[PDB]
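Right, one structure below, let's go through it.
There are 2 protein chains.
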Amino acid sequence: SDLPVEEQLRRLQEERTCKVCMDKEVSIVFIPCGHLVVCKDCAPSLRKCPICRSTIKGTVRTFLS
Amino acid sequence: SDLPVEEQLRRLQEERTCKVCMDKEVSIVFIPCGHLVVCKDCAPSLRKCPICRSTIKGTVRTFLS
Ligand code: NA
Ligand code: NA
Ligand SMILES: [Zn+2]
Ligand SMILES: [Zn+2]
Ligand SMILES: [Zn+2]
Ligand SMILES: [Zn+2]
Numbered sequence: 540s541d542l543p544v545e546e547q548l549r550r551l552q553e554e555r556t557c558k559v560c561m562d563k564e565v566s567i568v569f570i571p572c573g574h575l576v577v578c579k580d581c582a583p584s585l586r587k588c589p590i591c592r593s594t595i596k597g598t599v600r601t602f603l604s
Numbered sequence: 540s541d542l543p544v545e546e547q548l549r550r551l552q553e554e555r556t557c558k559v560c561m562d563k564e565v566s567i568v569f570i571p572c573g574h575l576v577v578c579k580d581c582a583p584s585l586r587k588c589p590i591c592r593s594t595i596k597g598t599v600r601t602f603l604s
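Residue numbers (UniProt numbering), protein chains in the order written: chain E, 540 to 604; chain B, 540 to 604.
In structure tokens, the structure reads:
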């Protein structure tokens with residue numbers, strides 16, 4: 540793709556944005572699933588990953604650069 | 540911003556793309572710095588993080604979703 544720019548931009552914004560608050564950017568990696576889908580403010584409120592449903596056993600704070 | 544879409548798209552592509560191979564997408568988080576800047580193919584060739592310069596002491600495989 541090969542797809543409209545604003546459509547490509549929307550897809551990247553979406554994958555970089557928190558899946559629970561739809562506001563702040565992702566910054567927490569779940570262990571063991573490895574999803575990067577929530578921000579640091581939202582992570583403590585979760586027992587399980589929003590995407591798959593693995594019970595979060597650890598977390599790593601990450602920075603996109 | 541408030542900036543041209545193709546410019547916004549370029550910035551997001553760049554932050555999602557490996558900083559060493561400029562090809563595959565980022566998928567490794569460095570420990571302790573927490574940078575997500577390289578792919579899984581490129582990570583083993585590094586002793587230090589490309590962005591800051593922390594000596595990588597561990598890694599977590601992450602998936603953007
Ligand atoms: Na998990
Ligand atoms: Na590091
Ligand atoms: Zn959030
Ligand atoms: Zn998950
Ligand atoms: Zn790479
Ligand atoms: Zn670093």
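Ideal Cβ positions, reconstructed from N, Cα and C, are used throughout, including at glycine.
Count the other C-beta atoms from every protein chain shown that fall within 10 angstroms of the C-beta of residue i, then say buried if there are 16 or more, exposed otherwise.
i                      : result
residue 566 of chain E : buried
residue 542 of chain E : exposed
Near residue i, which residues of its chain fall below 6 Å by C-beta distance, leaving aside the five closest residues on each side in sequence?
i                      : result
residue 575 of chain B : 565 and 568
residue 591 of chain E : 572
residue 587 of chain E : 594
Name, please, each residue of chain A whose Cβ falls closer than 8 Å to the Cβ of residue i.
i                      : result
residue 600 of chain E : Chain labels in this structure do not include chain A; the protein chains are E and B.
Which same chain residues, not among the five before or five after residue i, have their C-beta less than 7 Å away from its C-beta?
i                      : result
residue 579 of chain E : 566, 567 and 600
residue 563 of chain B : 557, 578 and 580
residue 540 of chain E : 547
Am I right that residue i and residue j are in contact with their C-beta atoms under 8 Å? What's the rounded C-beta distance?
i                      : j                      : result
residue 589 of chain B : residue 559 of chain B : 6 Å
residue 603 of chain E : residue 554 of chain B : 5 Å
Is DSSP giving residue i helix, strand or coil here?
i                      : result
residue 575 of chain B : strand
residue 586 of chain B : coil
residue 559 of chain B : coil
residue 551 of chain B : helix
residue 599 of chain B : strand
residue 568 of chain B : strand
Under 8 Å Cβ to Cβ from residue i, same chain only, skipping five residues before and after it: list those, please.
i                      : result
residue 585 of chain B : 559, 577 and 595
### Message
Can you confirm whether the segment 592 to 601 of chain E touches the segment 558 to 577 of chain E when touching is taken to mean that 3 or more C-beta pairs between the two stretches lie within less than 8 Å?
### Response
Under the Cβ criterion (8 Å, minimum of three pairs), the segment 558 to 577 of chain E counts as touching the segment 592 to 601 of chain E.
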